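> Pasting in a structure now, in structure tokens, and then I'll have a few things to ask.
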Amino acid sequence: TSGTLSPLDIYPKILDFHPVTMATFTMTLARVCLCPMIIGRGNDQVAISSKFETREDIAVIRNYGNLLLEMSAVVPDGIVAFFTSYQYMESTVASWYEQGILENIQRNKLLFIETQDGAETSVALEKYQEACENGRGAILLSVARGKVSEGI
Amino acid sequence: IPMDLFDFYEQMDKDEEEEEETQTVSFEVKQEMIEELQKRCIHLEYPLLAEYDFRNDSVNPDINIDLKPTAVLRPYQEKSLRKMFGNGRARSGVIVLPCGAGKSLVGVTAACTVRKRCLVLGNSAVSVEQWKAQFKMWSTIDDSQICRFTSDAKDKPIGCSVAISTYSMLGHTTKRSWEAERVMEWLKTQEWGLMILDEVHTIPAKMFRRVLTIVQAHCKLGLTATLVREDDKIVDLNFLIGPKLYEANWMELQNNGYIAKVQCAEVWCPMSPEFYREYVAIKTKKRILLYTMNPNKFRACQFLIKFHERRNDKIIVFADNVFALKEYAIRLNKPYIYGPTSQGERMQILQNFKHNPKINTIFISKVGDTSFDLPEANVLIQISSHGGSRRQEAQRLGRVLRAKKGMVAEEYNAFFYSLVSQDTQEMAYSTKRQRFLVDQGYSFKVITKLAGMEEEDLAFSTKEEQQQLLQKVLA
Amino acid sequence: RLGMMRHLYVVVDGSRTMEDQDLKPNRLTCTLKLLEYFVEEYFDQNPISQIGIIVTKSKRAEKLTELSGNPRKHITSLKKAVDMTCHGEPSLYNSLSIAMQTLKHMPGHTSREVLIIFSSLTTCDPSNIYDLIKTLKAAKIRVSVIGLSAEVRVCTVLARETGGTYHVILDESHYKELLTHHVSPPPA
């Protein structure tokens with residue numbers, strides 16, 4: 001089991017065996033959840049080709065940095081921004097500590113970088129649960145692979 | 001079934017042998033076959049509705065432009081290219097937008113999207129030079145394949161867009177009119193296929209119309225702000241280029257920190273001793289001068305310059321006639337710009353007007369129109385109703401006027417004025433101008449009195465002064 | 001209704017977030033207007049009672065009305081506040097300390113109440129707010145929060161620990177229902 005697994009196929013694919021299948025909980029309406037996607041809103045919004053997303057500065061600066069700032073400033077709640085790597089995370093949020101002078105988010109968020117420490121992790125989750133946008137799981141950046149995935 | 005169907009050219013007509021009996025035309029007009037004007041090829045909807053089709057067996061298979069890069073246009077312009085993908089040649093052919101908001105970019109993008117061997121028609125070499133400056137992102141190997149193609153030389157696959165030329169007909173070197181049978185059209189005389197026209201109002205004139213009429217011309221696009229002169233030829237342009245895909249771009253959709261809200265006004269001015277004697281008695285081209293120079297109207301124009309200079313607004317005053325221009329401007333001791341003012345002295349006056357807080361009013365003649373990087377201001381006064389086109393008043397207004405600071409999102413922050421002499425042929429232009437500006441979305445009003453003109457120093461304070469001008473004007 | 005006497009300190013969020021058009025042009029206008037309707041209905045239901053009015057704005061606390069039994073001062077103060085609006089961020093700890101200082105004085109059988117309208121997410125105060133919440137519960141000062149679209153945990157604990165009234169408001173109809181619940185008296 002893995003919580004969800006309804007399309008079923010991947011587990012029998014990985015096993016090379018065909019388990020007995022069964023769904024064995026009563027679920028709740030779709031309406032308590034909402035699962036959005038974002039890409040742009042006018043025809044001039046061309047900076048997201050992602051032929052080299054790891055190198056496309058204009059694309060990082062445009063809806064990748066700018067939509068995050070619009071969504072976070074408008075939707076003022078505790079929100080965690082997951083990234084594919086540290087290097088992306090560092091480029092997207094200028095933060096207090098910037099990788100360059102030329103980076104495109106200015107807003108109070110918290111970091112979650114390597115050498116995470118078990119005690120230091122909790123400090124950031126204490127901050128996010130208590131108040132304000134920022135903390136661990138709050139307006140904070142973390143790579144999706146990293147420890148924040150354990151949750152609280 | 002059209003798998004064998006011949007189609008051929010005679011002097012300005014297409015004749016169709018052993019036909020499929022296509023909709024919407026006369027039959028056996030003088031032989032068993034169908035015969036139309038070349039220019040009728042544009043009616044692809046009449047067969048498309050029927051479910052009929054055709055083949056270009058006369059084709060030539062050589063190479064074409066790619067221009068893979070893209071750029072970002074204004075929000076309605078992007079909507080306007082998106083529509084053109086939607087509609088296709090059966091239901092496309094002109095776009096209308098101001099001469100100061102991105103028309104060059106629509107032409108280079110319109111050619112980069114349509115992507116065919118293209119001939120670009122323009123009015124002026126300066127506009128070729130602005131389109132070159134726009135086009136540098138899609139230029140092949142930056143500066144080693146762009147060339148001009150007009151009365152002095154021709155070279156290379158591309159240039160200001162693709163090959164650009166001028167409308168002109170002075171002799172064999174004035175390019176598009178003399179060349180109109182050599183190159184042209186993918187379906188017959190089949191070297192190229194796509195036509196892009198800048199300043200499109202220029203072609204439907206009686207001699208010029210023939211450039212467009214004497215071909216089948218597959219794809220055509222036109223771009224303009226003036227669209228027509230006072231006599232409205234525009235029904236012809238639907239046939240000649242194609243139907244109008246867009247018109248609007250209202251300032252109502254771009255207020256809060258974006259362009260301007262303009263309060264438009266017309267000003268009715270009364271008529272002072274001796275000037276109507278003479279207006280009523282004279283039927284000749286001088287009579288235009290007695291209704292423009294009418295001193296009660298001059299005093300409104302002076303009072304209006306004083307009000308907006310007291311607030312340090314920037315003002316361009318338009319005068320349709322070099323006599324009128326100099327008689328107003330020398331009296332009000334404001335610089336003027338016209339034909340015979342040189343480039344050096346114009347660029348000094350215009351730099352002074354834009355950057356010097358002491359130089360806040362200038363006077364300009366017809367040379368701004370269709371082209372003169374006119375400068376920015378916040379106030380426009382026209383001394384007369386003219387005969388250039390109600391639509392050119394709106395192009396000229398739109399390209400010149402912007403919001404004054406602080407107030408960048410208010411109901412109005414820029415001002416347009418047109419001065420009219422009561423009890424003259426100058427009044428006739430109003431019911432049309434009023435209807436055209438309000439249909440263009442503008443707030444427009446009529447001002448009929450100024451009882452604060454009776455509270456300050458202004459010109460023509462006496463009959464004797466007015467008589468001194470009346471004798472000069474009559475001569 | 002008669003039986004006992006109430007002391008209530010009305011606390012309003014005058015931060016920059018209160019300017020927003022989400023609930024009547026700018027939350028500030030809709031909240032003060034309904035709060036004027038509440039004062040007259042609470043004083044009509046509770047003839048022997050008192051109220052005092054405090055705001056948090058521009059990272060400080062300010063006294064809009066002193067603690068008194070005449071409704072007229074409080075509707076006149078809510079009228080006078082609308083013109084000067086909202087900017088900046090809360091100061092909740094300093095507002096609970098001035099409210100505490102007035103409420104501690106009050107005698108044995110009267111209620112001690114704080115009503116907060118909250119459109120922020122934290123507060124600017126350095127002082128340890130948990131020590132002050134412990135002290136509210138010892139003093140018997142009850143604190144209620146009506147939040148706008150917001151559940152930020154220190155405020156919610158602070159209203160639960162002091163007595164059990166953290167409520168969320170999503171419309172002008174819902175805010176009138178919430179203030180009208182607060183008009184309701186306590187048991188005696």
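Chain labels follow the order of the structure tokens: the first chain is A, the next B, and so on; residue numbering restarts at 1 in every chain, and ligands are counted from 1 in their shown order.
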Mind checking which residues fall within 7 Å of segment 112-124 of chain C, counting only C-alpha atoms, ignoring those fewer than 5 positions away in the same chain, and posting them as a compact mmCIF listing (two decimals) with N, CA and C atoms, in the first residue's frame?

# COMPACT_ATOMS: atom_id res chain seq x y z
N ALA A 131 3.03 31.23 13.78
CA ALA A 131 2.49 32.50 13.15
C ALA A 131 3.24 32.68 11.78
N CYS A 132 2.82 33.74 11.19
CA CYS A 132 3.46 34.38 10.03
C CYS A 132 3.46 33.43 8.78
N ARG C 6 -21.24 43.78 32.68
CA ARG C 6 -20.17 43.35 31.82
C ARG C 6 -19.18 44.49 31.60
N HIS C 7 -17.92 44.12 31.48
CA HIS C 7 -16.79 44.98 31.05
C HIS C 7 -16.22 44.30 29.80
N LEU C 8 -16.22 44.91 28.65
CA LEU C 8 -15.70 44.37 27.33
C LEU C 8 -14.75 45.34 26.63
N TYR C 9 -13.54 44.91 26.32
CA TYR C 9 -12.58 45.76 25.56
C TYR C 9 -12.52 45.29 24.06
N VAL C 10 -13.11 46.16 23.23
CA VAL C 10 -13.12 45.95 21.78
C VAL C 10 -11.83 46.39 21.16
N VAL C 11 -11.19 45.43 20.49
CA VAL C 11 -9.82 45.57 19.94
C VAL C 11 -9.96 45.41 18.44
N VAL C 12 -9.53 46.30 17.61
CA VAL C 12 -9.65 46.23 16.10
C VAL C 12 -8.27 46.24 15.39
N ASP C 13 -8.22 45.40 14.36
CA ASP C 13 -6.98 45.37 13.55
C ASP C 13 -6.93 46.53 12.56
N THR C 17 -3.38 45.35 5.86
CA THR C 17 -4.30 44.26 5.40
C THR C 17 -5.80 44.56 5.55
N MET C 18 -6.18 45.40 6.55
CA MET C 18 -7.57 45.90 6.73
C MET C 18 -8.09 46.85 5.64
N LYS C 59 2.45 49.27 13.86
CA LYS C 59 3.19 48.41 14.92
C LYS C 59 2.98 48.91 16.35
N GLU C 89 1.19 47.02 10.78
CA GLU C 89 1.04 45.77 11.31
C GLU C 89 0.60 45.87 12.85
N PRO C 90 -0.01 44.75 13.33
CA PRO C 90 -0.52 44.73 14.71
C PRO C 90 0.51 45.09 15.85
N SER C 91 -0.04 45.29 17.10
CA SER C 91 0.58 45.20 18.40
C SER C 91 -0.37 44.64 19.45
N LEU C 92 -0.62 43.33 19.34
CA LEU C 92 -1.52 42.57 20.24
C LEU C 92 -1.14 42.44 21.73
N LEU C 103 -9.10 45.86 33.15
CA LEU C 103 -9.93 44.77 33.52
C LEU C 103 -9.60 44.25 34.87
N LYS C 140 -8.82 36.02 34.94
CA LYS C 140 -10.21 35.71 34.41
C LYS C 140 -10.60 36.79 33.37
N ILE C 141 -9.69 37.21 32.52
CA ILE C 141 -9.91 37.98 31.35
C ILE C 141 -9.98 36.98 30.18
N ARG C 142 -11.15 36.91 29.61
CA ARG C 142 -11.58 36.09 28.46
C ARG C 142 -11.36 36.89 27.18
N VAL C 143 -10.76 36.24 26.22
CA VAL C 143 -10.42 36.86 24.90
C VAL C 143 -11.02 36.00 23.80
N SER C 144 -11.71 36.72 22.85
CA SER C 144 -12.38 36.16 21.77
C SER C 144 -11.71 36.74 20.50
N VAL C 145 -11.53 36.01 19.41
CA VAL C 145 -11.06 36.50 18.12
C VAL C 145 -12.04 36.19 17.02
N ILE C 146 -12.47 37.18 16.23
CA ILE C 146 -13.19 37.02 14.93
C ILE C 146 -12.13 37.27 13.85
N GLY C 147 -11.65 36.18 13.10
CA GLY C 147 -10.59 36.37 12.10
C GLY C 147 -11.24 36.37 10.75
N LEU C 148 -10.61 37.08 9.86
CA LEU C 148 -10.86 37.19 8.46
C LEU C 148 -9.95 36.21 7.69
N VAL C 152 -4.05 31.31 11.95
CA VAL C 152 -2.69 31.32 12.51
C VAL C 152 -2.53 30.98 14.04
> Contacts from chain A to chain B, 9 Å maximum, only C-alpha atoms: show me the residue list as a ChimeraX atom specification.
/A:42-46
> Show me, as a list in words, the residues that have an atom within 7 Å of segment 92-99 of chain A when counting only C-alpha atoms, minus same-chain residues fewer than 6 positions from it.
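The filter keeps residues 60, 65, 105 and 106 of chain A.
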> DSSP on the backbone, alpha helix (DSSP H) only: what residues of segment 134-185 of chain C does that give? Format it as a list in words.
residues 134, 135, 136, 137, 138, 139, 153, 154, 155, 156, 157, 158, 159, 160, 161, 162, 172, 173, 174, 175, 176, 177, 178, 179, 180, 181, 182 and 183 of chain C
